[PDB]
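Chemist: Going line by line, the protein sequences match chains L and H.
Every letter in the first sequence is one number past the one before it in the deposited numbering, and letter 110, counting from 1, is 110.
In short: position in the second sequence from 1, add 2, done, that's the deposited numbering.
Even for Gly, the Cβ is constructed at its ideal location relative to N, Cα and C.
Take a look at the following structure, please.
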Amino acid sequence: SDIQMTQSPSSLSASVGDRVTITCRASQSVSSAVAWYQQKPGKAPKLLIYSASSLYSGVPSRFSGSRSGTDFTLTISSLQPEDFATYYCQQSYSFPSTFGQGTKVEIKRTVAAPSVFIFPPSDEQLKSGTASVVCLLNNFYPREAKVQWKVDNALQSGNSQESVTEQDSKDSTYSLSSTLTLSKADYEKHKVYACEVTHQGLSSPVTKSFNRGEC
Amino acid sequence: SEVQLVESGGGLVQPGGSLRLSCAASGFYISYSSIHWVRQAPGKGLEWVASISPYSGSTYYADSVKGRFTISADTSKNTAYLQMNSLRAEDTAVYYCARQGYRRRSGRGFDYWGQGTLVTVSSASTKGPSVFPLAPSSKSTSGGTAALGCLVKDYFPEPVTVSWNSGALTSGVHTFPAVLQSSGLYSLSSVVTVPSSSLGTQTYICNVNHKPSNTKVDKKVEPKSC
RNA sequence: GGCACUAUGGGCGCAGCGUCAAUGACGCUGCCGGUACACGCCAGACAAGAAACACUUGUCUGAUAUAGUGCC
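If you want it as structure tokens, here you go:
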């Protein structure tokens with residue numbers, strides 16, 4: 001039916017001068033019609049490799065493509081600062097054409113604990129019938145971080161949204177926001193509003209909370 | 003350098019509307035190439051969509067677009083097209099056209115890509131944001147720095163711009179990617195870390211501009227004290 | 001994949017009609033059956049043509065060719 005391309009790893013944390021190998025695994029024979037691309041944010045993808053192994057004209061020679069059966073790997077021999085981007089494989093052996101899910105190559109750095117803050121809703125917002133509680137994780141590394149909402153020690157589910165900034169240009173930390181959305185009616189049916197954060201730089205999960213109604 | 007794909011035609015349309023995207027080619031005669039359309043939903047990866055082969059006009063499609071999209075090419079206008087009919091919100095993405103290289107030089111790789119054109123499918127109507135203080139607190143605030151911010155809530159479509167202090171304050175500001183809420187309106191929030199000794203002494207104002215609704219808003223973020 | 005047996009008027013029976021289809025199915029009816037070979041012709045596969053498919057051209061293969069079942 002359709003051919004599946006499955007990439008590996010989906011994100012990768014390396015420092016300059018590393019050997020980086022990205023691998024992508026095909027579900028049927030694609031022969032050698034695999035292409036690799038580099039995409040940077042906001043920008044069109046750029047061709048790096050064609051025919052699974054061939055160096056596209058103008059691309060640095062530190063990029064190489066390899067083939068092994070249905071298992072294709074792009075390896076960047078020596079990482080450069082302009083090479084932190086997202087990379088994609090592609091099969092064009094048959095239609096539909098299929099792209100791997102993507103690999104994001106990111107800046108390694110020392111662990112930085114997320115400095116955490118919780119913000120209760122404005123009385124102005126309650127006039128709108130909705131209430132948002134915001135939990136902020138500031139300047140942390142690595143990106144992986146679990147934010148867990150609790151209202152009176154009861155976890156919430158399906159009523160929060162996250163959003164992460166890209167890796168900061170200067171200290172290459174991340175920052176993340178989590179927004180718990182509630183009706184005002186449900187908001188005042190409770191007192192203790194809490195944010196729980198697990199991160200590699202946190203010895204044990206850190207928790208910030210407030211009680212609804214503090215002057 | 004001299005090869006160039008210049009896309010146009012994206013925009014905002016209600017679900018079930020249609021849109022004709024265009025990819026004008028320069029630097030080459032379009033008829034001797036396969037032209038592909040690739041799309042990318044916000045935050046997702048690349049998804050091939052439709053392609054057309056040279057000398058025959060043969061067209062191919064992704065199952066997710068089969069029957070609704072039509073890739074075509076006018077060689078007299080040296081331009082490829084993608085008619086999208088009965089559009090659905092899952093179809094929202096940045097739409098790329100790409101050229102399949104010459105077989106001998108770059109295999110079947112797409113060597114040149116258009117600039118991107120944005121397609122938004124939504125039944126939401128335009129709404130300016132409501133701006134809400136993310137006020138800092140009295141507790142903790144023991145790290146020499148405190149954090150404060152603005153909640154930019156319930157707008158459509160993107161984008162807003164958020165400055166602080168009319169652009170004066172930028173160091174340590176984080177403005178997150180907007181998320182689309184289940185209501186189909188968007189929200190982001192802008193936060194800034196500041197010296198915790200300035201809270202009552204220093205005024206912090208977030209300025210939110212939402213061009214589509216012609217709304218500029220300035221919000222003063224004040225402490226609450228006890 | 002290998003092994004085993006099993007089946008195949010042009011590899012191209014000669015035709016007709018209904019053909020539906022969307023490229024997935026064809027079929028009945030008639031007609032006549034030296035043999036290879038040479039071709040043609042068609043169909044595969046391969047390359048090349050600005051060329052994934054179609055197209056054009058070249059080369060090759062259709063007897064050790066396609067078609068099943070069992071074994072492994």
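Tell me whether L/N211 is buried or exposed, calling it buried when 16 or more other Cβ atoms sit within 10 Å of its Cβ.
Modeler: With fewer than 16 Cβ atoms within 10 Å of its Cβ, L/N211 is classed as exposed.
Chemist: Under 9 Å, do L/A35 and H/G116 count as touching if we go by C-beta distance?
Modeler: Not in contact: L/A35 and H/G116 (Cβ atoms no closer than 9 Å).
Chemist: Count the other C-beta atoms from every protein chain shown that fall within 10 angstroms of the C-beta of L/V192, then say buried if there are 16 or more, exposed otherwise.
Modeler: The residue in question, L/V192, is exposed, as its Cβ has fewer than 16 Cβ neighbours within 10 Å.
Chemist: With C-beta atoms as the reference, is H/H176 less than 9 Å away from L/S97?
Modeler: Cβ atoms of H/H176 and L/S97: not closer than 9 Å.
Chemist: Name, please, each residue of chain H whose Cβ falls closer than 7 Å to the Cβ of L/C215.
Modeler: By Cβ distance, chain H contributes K226 and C228.
Chemist: Cβ of H/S125 within 9 Å of Cβ of H/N80?
Modeler: No, the Cβ-Cβ distance between H/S125 and H/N80 is not below 9 Å.
Chemist: Is it the case that the Cβ atoms of L/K146 and L/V197 are separated by a distance below 9 Å?
Modeler: Going by C-beta atoms, L/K146 is nearer than 9 Å to L/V197.
Chemist: With 9 Å as the threshold, decide whether the Cβ of H/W166 is near any Cβ in chain L.
Modeler: No, no contact with chain L.
Chemist: Which residues in the same chain as H/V67 place their Cβ atom closer than 6 Å to its Cβ, once the five residues preceding and following it in sequence are excluded?
Modeler: Contacts found: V51.
Chemist: In chain order, what residues of the same chain lie with their CB nearer than 7 Å to the CB of H/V123, ignoring the 5 residues before and after it?
Modeler: Cβ neighbours of H/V123 beyond the five flanking positions: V15, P17, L89, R90, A91, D93 and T94.
Chemist: Starting from the C-beta of H/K46, find all residues in its chain whose C-beta is less than 8 Å away, skip the five residues before and the five after it, and write them out in chain order.
Modeler: Cβ neighbours of H/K46 beyond the five flanking positions: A95.
Chemist: What residue range does the beta strand (DSSP E) around H/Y98 cover?
Modeler: Start and end: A95 to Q102.
Chemist: Note down, in chain order, every chain L residue with its Cβ under 7 Å from the Cβ of H/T195.
Modeler: Chain L residues near H/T195: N138.
Chemist: Go to H/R105, then tell me how far its beta strand (DSSP E) extends in each direction, as first and last residue.
Modeler: Element bounds for H/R105: not the beta strand (DSSP E) but the alpha helix (DSSP H), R105 to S108.
Chemist: Buried or exposed for L/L137, going by 16 or more other Cβ atoms inside 10 Å?
Modeler: So L/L137 ends up on the buried side.
Chemist: So, with DSSP's three-state summary, where would you put H/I32?
Modeler: Helix.
Chemist: Given that a residue counts as buried once 16 or more other Cβ atoms are within 10 Å of its Cβ, and exposed if not, what is L/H190?
Modeler: So L/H190 ends up on the exposed side.
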